[PDB]
Amino acid sequence: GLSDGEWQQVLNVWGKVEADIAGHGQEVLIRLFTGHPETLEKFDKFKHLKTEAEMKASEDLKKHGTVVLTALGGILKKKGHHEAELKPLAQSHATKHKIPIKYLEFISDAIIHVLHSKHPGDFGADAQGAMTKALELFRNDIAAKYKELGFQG
Ligand code: HEM
C-alpha cells in the first residue's frame with residue numbers, strides 16, 4: 001500500500017483539485033474523450049459531442065466531471081480503506097456501464113496529465129509518485145471486483 005507520507009502527498013495534491021473540481025473534472029474527461037474516442041461511446045449522453053469545442057461548451061460534461069472527481073476524492077480520503085465506497089462503483093461500472101479496466105487506466109493517466117497541465121512546475125516528482133500509487137491502488141481494487149464478476153468488456 002501507500003505509506004502515511006505518501007497518503008499525505010496524495011491528499012495535498014487533491015487540494016488542488018478541490019479548489020476547482022468542475023474545471024479539473026471537465027479537463028480530465030476531455031483528455032479522455034479526445035485521446036480515446038472509443039470512451040465517448042460508453043456515454044449515450046455525450047455521443048453528440050462531435051468536437052472538442054462542443055465538449056468544452058457542455059455544461060453536462062462539467063457536471064459529470066464533478067460527479068466523477070467527487071467520488072474519487074471520497075475514495076482517496078479513505079486512504080485505502082475504501083471497500084464500501086469502491087465495491088459499488090466497480091460493480092456499476094462492470095455490470096451497467098460496461099467500462100473495461102483499460103478505460104480506467106486511460107482516465108488515471110488523464111488525471112496525471114491534467115495535474116501537470118493545470119499546475120506546471122507545481123506537481124513534484126514525489127507528488128506524482130504518490131498520486132500514481134493511489135490511482136493504481138484504486139484501479140487494482142476495481143480489477144479484483146471485475147475478476148470476481150468475470151467482466152472484461
Ligand atoms: C476515476 C474513475 C471514475 C470514477 C470515480 C467514476 C465515477 C462515477 C460515478 C460516481 C457515476 C454515477 C454513479 C454510478 O453510475 O455508479 C458514474 C457514472 C458513469 N460513468 Fe464512471 N467513473 C470513473 C471512470 C469512468 C470511465 C473511464 C468511464 C468511461 C470510459 C465511465 C463511464 C461512466 C458512465 C457511462 C456513467 C453513467 C453516466 C450517465 O449516463 O449518467 N466512468 N461514474
# chains A, B, ... in the order shown; residues from 1 in each chain; ligands from 1
$ select_by_dssp --residues "chain A" --states "helix (DSSP H, G or I)" --output "PyMOL selection string"
chain A and resi 4-19+21-35+37-42+52-57+59-76+83-95+101-118+125-149
$ residues_around --residues "range 17-23 of chain A" --least-positions-apart "4" --cutoff "9 Å" --atoms "only C-alpha atoms" --output "PyMOL selection string"
chain A and resi 13+27-28+62-67+69-70+73+115
$ residues_around --residues "residue 102 in chain A" --least-positions-apart "4" --cutoff "12 Å" --atoms "only C-alpha atoms" --output "tab-separated table (two decimals) with N, CA, C and O atoms, in the first residue's frame"
chain	number	residue	atom	x	y	z
A	32	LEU	N	-9.63	12.41	-21.76
A	32	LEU	CA	-10.03	11.03	-22.01
A	32	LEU	C	-10.71	10.85	-23.37
A	32	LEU	O	-10.35	9.96	-24.16
A	36	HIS	N	-8.96	9.13	-26.56
A	36	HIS	CA	-9.51	7.79	-26.72
A	36	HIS	C	-10.99	7.86	-27.10
A	36	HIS	O	-11.86	7.63	-26.26
A	38	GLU	N	-13.11	6.05	-28.40
A	38	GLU	CA	-13.98	4.92	-28.08
A	38	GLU	C	-14.65	5.10	-26.72
A	38	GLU	O	-15.74	4.58	-26.49
A	39	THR	N	-14.02	5.86	-25.82
A	39	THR	CA	-14.57	6.04	-24.49
A	39	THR	C	-15.86	6.86	-24.52
A	39	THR	O	-16.75	6.64	-23.70
A	98	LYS	N	-20.40	-1.04	-18.39
A	98	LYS	CA	-19.53	-1.88	-19.24
A	98	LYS	C	-18.21	-1.18	-19.56
A	98	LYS	O	-17.81	-1.11	-20.71
A	106	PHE	N	-6.79	4.61	-18.77
A	106	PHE	CA	-6.79	5.85	-19.55
A	106	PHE	C	-7.12	7.06	-18.66
A	106	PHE	O	-6.47	8.09	-18.73
A	107	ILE	N	-8.16	6.94	-17.84
A	107	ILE	CA	-8.58	8.10	-17.05
A	107	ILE	C	-7.57	8.41	-15.94
A	107	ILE	O	-7.39	9.57	-15.56
A	108	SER	N	-6.91	7.38	-15.43
A	108	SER	CA	-5.86	7.57	-14.42
A	108	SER	C	-4.72	8.39	-15.02
A	108	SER	O	-4.23	9.35	-14.42
A	109	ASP	N	-4.31	8.00	-16.23
A	109	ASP	CA	-3.29	8.74	-16.96
A	109	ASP	C	-3.73	10.17	-17.24
A	109	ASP	O	-2.92	11.10	-17.14
A	139	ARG	N	-7.44	1.42	-9.17
A	139	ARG	CA	-7.63	0.59	-10.37
A	139	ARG	C	-7.50	-0.89	-10.05
A	139	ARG	O	-8.27	-1.73	-10.55
A	140	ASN	N	-6.52	-1.22	-9.22
A	140	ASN	CA	-6.26	-2.61	-8.90
A	140	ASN	C	-7.37	-3.24	-8.06
A	140	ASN	O	-7.72	-4.41	-8.23
A	142	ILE	N	-10.50	-2.19	-8.12
A	142	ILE	CA	-11.59	-2.36	-9.08
A	142	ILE	C	-11.36	-3.63	-9.91
A	142	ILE	O	-12.29	-4.40	-10.13
A	143	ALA	N	-10.13	-3.84	-10.35
A	143	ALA	CA	-9.81	-5.01	-11.16
A	143	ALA	C	-10.15	-6.31	-10.44
A	143	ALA	O	-10.59	-7.27	-11.07
A	146	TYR	N	-13.79	-6.72	-10.81
A	146	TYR	CA	-14.08	-7.12	-12.18
A	146	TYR	C	-13.82	-8.62	-12.36
A	146	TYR	O	-14.61	-9.33	-12.99
A	152	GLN	N	-14.80	-8.43	-18.58
A	152	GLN	CA	-13.66	-8.00	-19.38
A	152	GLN	C	-13.99	-6.72	-20.15
A	152	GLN	O	-13.19	-5.79	-20.20
A	153	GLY	N	-15.19	-6.68	-20.74
A	153	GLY	CA	-15.60	-5.52	-21.52
A	153	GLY	C	-17.04	-5.65	-21.99
A	153	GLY	O	-17.66	-6.71	-21.82
$ closest_residue --among "A:4, A:85, A:59, A:54" --to "ligand 1" --atoms "only C-alpha atoms and all ligand atoms"
A:85
$ residues_near_ligand --ligand "ligand 1" --cutoff "6 Å" --atoms "only C-alpha atoms and all ligand atoms" --output "PyMOL selection string"
chain A and resi 39+42-43+45+67-69+71-72+89+92+97+99+103-104+107
$ residues_around --residues "residue 30 in chain A" --least-positions-apart "2" --cutoff "9 Å" --atoms "only C-alpha atoms" --output "list in words"
residues 25, 26, 27, 28, 32, 33, 34, 35, 52, 55, 56, 61 and 110 of chain A
$ closest_residue --among "A:135, A:16, A:11, A:5" --to "residue 116 in chain A" --atoms "only C-alpha atoms"
A:16
$ atom_distance --atom1 "CA of residue 145 in chain A" --atom2 "CA of residue 126 in chain A"
29.2 Å
$ residues_around --residues "residue 147 in chain A" --least-positions-apart "6" --cutoff "12 Å" --atoms "only C-alpha atoms" --output "MDAnalysis selection string"
chainID A and resid 90:91 94 100:101 140:141 153
$ closest_residue --among "A:124, A:77, A:47, A:118" --to "residue 8 in chain A" --atoms "only C-alpha atoms"
A:77
$ atom_distance --atom1 "CA of residue 133 in chain A" --atom2 "CA of residue 117 in chain A"
19.5 Å
